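One chain follows as C-alpha cells, the form deposited without this ligand.
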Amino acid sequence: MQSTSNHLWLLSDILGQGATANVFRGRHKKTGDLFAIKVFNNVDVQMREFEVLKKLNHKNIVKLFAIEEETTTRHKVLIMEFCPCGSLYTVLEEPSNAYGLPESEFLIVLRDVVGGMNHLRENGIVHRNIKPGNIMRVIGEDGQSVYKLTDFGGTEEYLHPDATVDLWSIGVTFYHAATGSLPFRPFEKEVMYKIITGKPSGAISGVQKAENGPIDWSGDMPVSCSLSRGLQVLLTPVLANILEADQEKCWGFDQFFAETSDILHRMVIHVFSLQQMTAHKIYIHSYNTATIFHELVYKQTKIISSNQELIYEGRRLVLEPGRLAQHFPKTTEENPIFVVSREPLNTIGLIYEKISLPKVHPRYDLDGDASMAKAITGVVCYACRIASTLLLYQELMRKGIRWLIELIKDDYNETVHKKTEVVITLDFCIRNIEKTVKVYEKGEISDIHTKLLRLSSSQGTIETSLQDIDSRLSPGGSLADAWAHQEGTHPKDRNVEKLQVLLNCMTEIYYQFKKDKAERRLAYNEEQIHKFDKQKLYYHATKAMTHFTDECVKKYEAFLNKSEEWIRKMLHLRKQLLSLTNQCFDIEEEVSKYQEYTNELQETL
C-alpha cells in the first residue's frame, strides 16, 4: 500500500488507469471516510489551477478537498470525493439502456449537465469539451440520481471534426443518451469529415450502411427512441441547432441555456386519446391557461379545440379558459385525462420498432462473446419494455370504455325525463283546449288541433327510438363491454414477469462473460462451462422472443381490432342520441308558445 500524511490506500483498489495519473479508492486516516485519490507520476501553474478549483462549491461539481504529498516518493495527490456509481459510460453500458435512457433519467441528466455548465461559466473557469466520461453519478439523499462534473480544465467520436464554449460534444452526449447510439456513424478520421461536411441543414444523424455509399440523413429521433413525442418536439430543434456543421450558425451558450431552461421548467400532463388508443405527455408551463392546453392537445391528437371532451375519474371535466395549469388535477401514467371526440379518427395503437435477434457466431472468440451477450440482452430488454407498454394501453382502454358507457347513459337519462316533462305539458294543453272548445260551443281551432296531433305523433316516434337506444345500451346488448374482459392480456397472466425471469438469467450470463473477458484465457473446465453458457444464453433469448411475439403482440392486435369496431358503434349511437335530444328541444320550444296561447284563450272566455 501507500500513504500520505492523512490518507492511505491499498494498490488493489484501482478505480482508474491513465497515462497521466492513477485513481485509487482510499480512506481518511482518522475518521475512516472514503475518498478517491488521484496520484500523479512525474510546476505552480497547475498548483494555482487546483487552488482555483478548490474554492468551488456547487451540487454539480465534484469537490476537491485537499492536495497533498506521498510519503515514500515525493509525488502529488488529489483527494476528491468518492462517487461509487461510476460515470455515464457505466450508465450507458447497461443492457436496459441500450436504446436510450428513460425520459425521467434523461431530464435529470440534462438539468444537471446544464447547471454545471452554467456555474462553471458564470465564475470564469475555462474548461474542456465535456464528454460522457466527465460526468460522474451519485445517489442523492432522496433516491434520485445527481450528476456531477469532473476533470474539467472511444473519447474521439465526441469531438468536432476539424474562450467561446463549443457545444458539439454536449450535443453528441445528449443524442447518445437519448437513443443509445452515436449520431454520425461511418461504416466499420477523414470519413468523419466527409460525412459531417456534406450534411444538410436540420439533420441530426446520418447513417452509412455500405462501403463509400451515400449517407442516409435523418431529421428525427429514431422509432426505438423511448422519449415521448411531446419531448421530442421540444428537443429536436435544440440538437438541430447545436449539431450544425458551420460554427457561425450555432447558438453559443446563452441562447442554449434559455431554450433548455424553457424545456426544463415545464410540468407534464398525461392525456390518453381514446379513439386513437395513444398516450401523450403534454408539456405546459405552470402559469398557462386552459386555452394553451387545448392547443397543445390539438397539436398531437389532431382534435379541434371545440371537440375535445375531457374525462377524469368518472365525471366530465370542464376547464374554464381562465384556469391556470397548476390548478389542473394531478395525473400519472395510470391516471390520465381521457380525450373523446364526436367526429371520427384513425385508431393507430402503439408504434414500435421490430427488433430481431442477431445471429450467434459459433467460434470460440472470447472478445466477441461479450459483445454478442450485450446485444442479445439489449434486444430482450427492449422487448420487455414494449410488453409493459402494450399492457398499459390495454388497461387504460378497458377503463376508458367502462367510463364512456356511463356518460352515455347519463345523457340518455336526462333526455328521457326532459321528454317526459314535455309530454305532460303537451297532453295537458291538448286536453285543456279541446275540453274548452267542446264545452263552449254548446277559427284557429283546427290550426291548433292538427298541429298538436302532429306533435303527439312525433312524441310517439321519439319514444320508440329511445326504447331502441336503451335496448342497445342494456347490459347484454350490442354496446356492452363484455368482450373487453376476454381479449388482450390481463395483469393476472403475468407476461412481463415471465419475460423478466428470462431477462435476469441472460443478464447473469452476460456479467459472467464480461468478467471472463478481462482474464485473457481460461482453464479446460472453465472453457467448457463458457461454451455451455454461450449456447444457453441463445436458448433463453429464443424462448423469450417467441413468448413475446406469440403471447403479447398477437393478443394485442386482436384487442385493437375489436376496439376499432366498438368505437365505430359508439360514435353511431352517440350521434343518434344527440339528434333525439335536439328534436325534443324543438317540440318544447313549440309547446311553450302554444301553451301560452291556450292559457290566453282559457282566460278570455
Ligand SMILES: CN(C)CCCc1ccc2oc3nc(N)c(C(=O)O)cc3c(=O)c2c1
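When you see a residue number, it is the position in the sequence shown, counting from 1.
The same protein also exists as the form solved in complex with this ligand; that form is not shown, yet it is the one meant from here on.
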| Even though this ligand is not shown here, does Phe82 get within 4.5 Å of it in the deposited complex, heavy atoms only? | yes
| task | May I ask you to state whether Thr150 is within 4.5 Å of this ligand in the deposited complex, using heavy atom distances? | result | yes
| query | Should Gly86 be counted as a contact of this ligand in the deposited complex, where contact means heavy atoms within 4.5 Å? | reply | yes
| request: Mark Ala178 yes when one of its heavy atoms lies within 4.5 Å of a heavy atom of this ligand in the deposited complex, and no otherwise. | output: no
| remark: Picking from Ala36, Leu537, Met570, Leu580, the single residue whose non-hydrogen atoms come within 4.5 angstroms of this ligand in the deposited complex is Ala36
| note | The listed residue (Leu390, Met136, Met506, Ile170) that reaches within 4.5 Å of this ligand in the deposited complex by any heavy atom is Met136
| said: So if I measure heavy atom distances to this ligand in the deposited complex, which of the stretches 457-465, 443-451, 74-82, 364-372 falls within 4.5 Å? | reply: 74-82
| What residues of 9-36, in sequence order, lie within 4.5 Å of this ligand in the deposited complex by heavy atom? | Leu15, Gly16, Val23, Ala36
